[PDB]
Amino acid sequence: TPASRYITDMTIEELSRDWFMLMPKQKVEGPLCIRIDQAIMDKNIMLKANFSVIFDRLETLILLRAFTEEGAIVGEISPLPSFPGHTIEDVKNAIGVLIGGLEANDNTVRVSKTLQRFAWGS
């Protein structure tokens, strides 16, 4: 896919950084894996993603991560190697799950400008 149709909210370093969970929680929602640190509470969180776009919409997610204001990664949506292929509907469903999980822990959750434009929001 052309560079103009590849969205990169995250830097190479942000994509590849290991991250940590004091109290890990995992949910497989269709062909996507959702993970959260249940110990993270009372924070403002931003969802950021790297993904292709076509016809004005998200096409294929590479990776989405949840960042605190301090820039710590506290959550993730990742495609599963065992299920190649997902749709924007799968992605939206996963985003709903991650947002629900983080908000249950009294966090306030925002999504990036590009995620809002290409996937999240009616």
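Start at 1 with the first residue shown and count on from there.
Legend entry - Given 55-63 and 82-90, the range whose Cα B-factors average higher in the PDB entry: Taking the mean C-alpha B-factor of 55-63 and of 82-90, the larger value falls to 82-90.
Inset, instruction - Identify the stretch, either 29-37 or 64-72, whose C-alpha atoms have the larger mean B-factor according to the entry. - result: It is 29-37 that shows the higher mean C-alpha B-factor.
Inset, instruction - Could you say whether, by C-alpha temperature factor, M21 belongs to the lowest, middle or highest third of its chain? - result: It belongs to the lowest third of the chain when residues are ordered by C-alpha B-factor.
Inset, instruction - Would you mind ranking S112 by its C-alpha B-factor against the rest of the chain and naming the third, lowest, middle or highest? - result: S112: CA B-factor falls in the middle third of its chain.
Inset, instruction - Place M10 in the lowest, middle or highest third of its chain's C-alpha B-factors, as listed in the PDB entry. - result: Answer is lowest: the recorded C-alpha B-factor places it there.
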